Amino acid sequence: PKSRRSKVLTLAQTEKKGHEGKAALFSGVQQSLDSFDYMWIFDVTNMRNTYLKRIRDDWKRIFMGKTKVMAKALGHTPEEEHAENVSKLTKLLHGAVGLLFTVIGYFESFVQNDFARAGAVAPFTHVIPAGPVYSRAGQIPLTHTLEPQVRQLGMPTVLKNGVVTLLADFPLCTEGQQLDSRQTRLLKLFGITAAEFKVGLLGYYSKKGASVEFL
Amino acid sequence: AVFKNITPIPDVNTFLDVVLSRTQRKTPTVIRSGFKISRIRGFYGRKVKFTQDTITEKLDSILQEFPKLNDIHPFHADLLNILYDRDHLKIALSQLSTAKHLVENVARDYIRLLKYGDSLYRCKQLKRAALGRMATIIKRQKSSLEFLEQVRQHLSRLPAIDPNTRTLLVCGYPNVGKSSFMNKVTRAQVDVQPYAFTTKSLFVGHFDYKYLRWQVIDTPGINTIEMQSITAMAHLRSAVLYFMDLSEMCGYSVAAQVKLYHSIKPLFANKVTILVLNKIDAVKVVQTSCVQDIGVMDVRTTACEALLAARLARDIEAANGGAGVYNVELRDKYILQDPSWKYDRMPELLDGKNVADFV
Amino acid sequence: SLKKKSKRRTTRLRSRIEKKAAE
Amino acid sequence: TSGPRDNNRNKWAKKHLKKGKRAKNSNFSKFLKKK
Amino acid sequence: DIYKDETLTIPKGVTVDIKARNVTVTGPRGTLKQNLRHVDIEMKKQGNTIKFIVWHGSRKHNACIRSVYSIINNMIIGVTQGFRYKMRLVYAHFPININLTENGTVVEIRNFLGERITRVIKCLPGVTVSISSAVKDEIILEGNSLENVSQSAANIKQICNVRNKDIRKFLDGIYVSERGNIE
Amino acid sequence: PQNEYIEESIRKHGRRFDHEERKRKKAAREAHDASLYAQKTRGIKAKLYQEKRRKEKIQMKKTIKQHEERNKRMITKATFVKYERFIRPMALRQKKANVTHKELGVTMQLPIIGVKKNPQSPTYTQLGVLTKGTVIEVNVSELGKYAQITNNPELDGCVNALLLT
RNA sequence: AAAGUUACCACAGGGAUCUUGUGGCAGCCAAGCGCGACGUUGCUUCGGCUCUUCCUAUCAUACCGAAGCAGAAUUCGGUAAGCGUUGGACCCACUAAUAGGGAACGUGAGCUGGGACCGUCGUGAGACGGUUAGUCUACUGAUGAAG
RNA sequence: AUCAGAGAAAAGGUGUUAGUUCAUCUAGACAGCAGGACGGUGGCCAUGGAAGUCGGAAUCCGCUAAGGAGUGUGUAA
């Protein structure tokens, strides 16, 4: 017939609407823009969905959809955009930022720790001790049942007597170095929460003031 | 049963393909219309007979491989019934035997019908008809092959217990240290896990003491595993080694262990009983510190006594040239005074006279 | 041939091939 | 059993040429050569 | 298609000449030579960019452009950084005795699975064999030619093959553990 | 050994070092293997792969379809038992016929009470030769009724008929 | 008074004279084009000794793949015809194994074993005859004139 | 075409070339990297036990950008 790569299929039956889903997200963003007040700009961070749900719990809803889709739907030109002076705000509006209604002090001060991801830089240089592996870097008061972790890790570990043993020490991360794929995977496996979620509240789209500060 | 020595049981589809391929590869497959009607009839009959023989041989081998439940020992039969539903296995074997008899009868009827064949098409149709009926019978007996294969795998993996010889049965509360004592006493290393009923199946290990061979058999903590342990202990000439957690570190109270031992006393009757007080540091009463691993050898010796009462040049050669390549010289290993004389040769016979025999 | 079998065919074989094509 | 054209046997013959042969035959030719 | 091209930017490697379809890449680490006479691809050299061009080529010949591009990139990586393969010895009962001769260009293996046969394997040119001191029973295969290094590793693994035994239980052998650059 | 001993061996020692990667490579390259197979193999084994692959596509297409809606002087023919000028072989003779009911759609093995009429020849009807299209009466007490033989007993080897009901 | 009938028919005469491994039947579906594939429901004279080669559709030998394949002994499946595939009476024992076939009348110019017509007497029946009628080449070695 | 070219037929082919139809696509096409892939809920049974993935019936749900009473591996679970 022809030389083409095979495409796999599954039986979840949970396919999103695609174009219709994007249109619904834009409509919800417009409704959020038309919401009462609080003029929030925050959707997600490196944190997990549970953290986002917990953050959204203390509100009366964070929603961005696709990045810059709401800005494109609103329109860069101020005439097309519902707000005022949105031409300069469109360039600033990027990433996972969305409207919400409840806060400012909690966002500024409270930053819950979370597992790090690739692309960042570790704040220290954690070193994995040799010999038997430690789940919490020797802080437990390390189970030997993690046999499948030896194969899944791919690091220089030998399954001796049903226990993963490291022939030589290998640091998980180094200070001043970007988090690699293996480093991020090891940090997620271990107890390395070298991350702190932040929020963006530079300006507020006031109904009357209409002053979105760039601070 | 425990002897195993049974060939793998293929699937129904695999068995049918194997039978057909064997018949095609072995029997000739070139019969033109120019041959006589008798030759055509003979060729079709030969193919049908070869297919029938192959099917019968495989079925007979499968039937013979599975041991008879009645002919097995009472302990082996009880374990097989508890573990693999011996009634279902007997039904499956009977169904396979009936299918084999039906296949042979179908082949005989087809052979008789083809003996009076008329033409090539009639012989070809008759040859196809017999093969399809045999294939239909083989396909019909599908689940029986899968059940037999699973039984064969379980039987092969099962241990070969020897209740006839002196044996020590260690049964009681789960993780009561009896398994640890059995692992220490015997060469076998029984796995121990925090979860209950870690040793689901029995583990048998040979041991030597006082120039005697003792078969240490562990049992699951006391369920299918418990029923198998009870069945094994019911018919076995062995000494009971019930262990009671003195420190109750096994999760079972001393009173609960005593009640279980009293209930199981009917199986332990007419045998030497040992009450092992486990975790002492943490029916003959013997204290064995499970945590401290102290007294296990003394308990084993006491149980054995109760049961008895109730009943270089090579290195140099290998380094130099290895075996079969190194020539060992006997001249060096001589007691001659002069080293030169020992290493030198002498004339055995000269001038028609044996110098060695005349000197 | 070169393969196992002669491409060239017997003259009576060609004709009966033509006959088989006809019917 | 394997025949004399066994590929491993030829490999093992090649290995043993430089172990129990070759040198002890070359100088053997040399000795009767200088003779 | 009329035009099908792949563009490669060259690192500080000195010479990337493709005269007579013979790539002779000279870098800081050394000089590697390969012949690409089996592919009918234009090799245009302009400044710091090399264009692999095929005009009016079929799909079978068009697939050669990327394959040529990768192997040239691989050897350029060799002359700049080099290739290093780390293999870990695996033994259950008999330790595997490994000795290196002619600075490692030939490896002879003994005491495998109790066998008295001395398996002698010679590495391909441009490869050297060393025994790592940081990790025990570790063999390091470093050189310039990635294909030669990988072929040498495959040859060692293929020679140390367990036969007639259950693979599920018998695990003795030599296998590749880490593949990458020298630095 | 005892029970799952390599399962004990896998637990306490581990798996083959590169088994997971080799099984991954084998799965990945299977597509090239199967395509290569479909072109090189010849003969009976090729025809088996042809039939097996055609079947697999059919079920696979259905499973996808089920996915979306969810989202000498002797008688040479078999017969039933001067006038008997010819010879009727005993082996060729049959006494039981597999009659399939029309409305019920169930095949029942009933005895051959007799032959009603053979359209091929009245002599065959007189001789009771079981042939295609012949009418034969069989007992229907457990279900006498007539039935037409829709098969060829001389070739199929069984008297497969359909009830006249 | 006889007449029809005979595929229950019998005795004479006249005319005519590619192959191999998948069961069938009846239904339910049934991609599709009234059929309808794969699936699903039922029930069940010939005959053999030697011999030569040849084919592989491989019994053994060589090497691989898979299987609860621990080892050993196996089973199944590939490449593979290089090399073999006995000795005696369904056996028997040896053996690594005692594989299946071709030479369309395998090798009967290698080899052997296990009448027709006519007549006559004749019911439903079979026998007692007269004629009769066959039909250089190749290979093995050996010399050998000669540019 | 490692058996090119000068009925065996139903089909098979990650062989090639053209088209025909239908789909997504700067609201970012596939592919690849970096992640999420959640909460009731371990829904309900089953049995040494199966927490989506021994198994049998349900197949609900709040949140979202999206997460199944789960695609398979895996786990005694």
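All residue numbers given for chain B refer to Swiss-Prot; the residues shown span 4-225, 234-293, 316-344, 398-445 in order.
If you're wondering, the header gives electron microscopy, 3.2 Å.
Cβ coordinates come from backbone N, Cα and C, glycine included.
Look at Swiss-Prot and you will find B:175-182, B:221-225, B:289-292 tagged as GTP binding site. Neighbour list (B:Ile291 (GTP binding site), Cβ cut-off 8 Å, at least 6 residues apart, same chain): B:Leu257, B:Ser258, B:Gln320, B:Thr321, B:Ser322, B:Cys323, B:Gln325, B:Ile327, B:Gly328. B:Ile291 (GTP binding site) falls within neither a helix nor a strand when secondary structure is assigned with DSSP, and so counts as coil.
In the shown protein chains, 19 other C-beta atoms lie within 10 A of the C-beta of B:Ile225 (GTP binding site).
Shown in sequence order, B:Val195, B:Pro197, B:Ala199, B:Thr201, B:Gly224, B:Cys261, B:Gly262 are the residues of the chain, 6+ apart in sequence, with a C-beta less than 8 angstroms from the C-beta of B:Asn178 (GTP binding site). The Cβ of B:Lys181 (GTP binding site) lies under 8 Å from the Cβ of B:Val173, B:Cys174, B:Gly175, B:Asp221, B:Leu252, B:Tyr253, B:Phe254, B:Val287, B:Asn289, each on the same chain and at least six residues away in sequence. Neighbour count (other Cβ atoms within 10 Å of the Cβ, all protein chains): 27 for B:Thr222 (GTP binding site). In three-state terms derived from DSSP, B:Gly175 (GTP binding site) belongs to an extended strand segment.
Secondary structure at B:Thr222 (GTP binding site), as computed by DSSP, is coil.
The Cβ of B:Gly175 (GTP binding site) has 28 other Cβ atoms within 10 Å, all protein chains considered.
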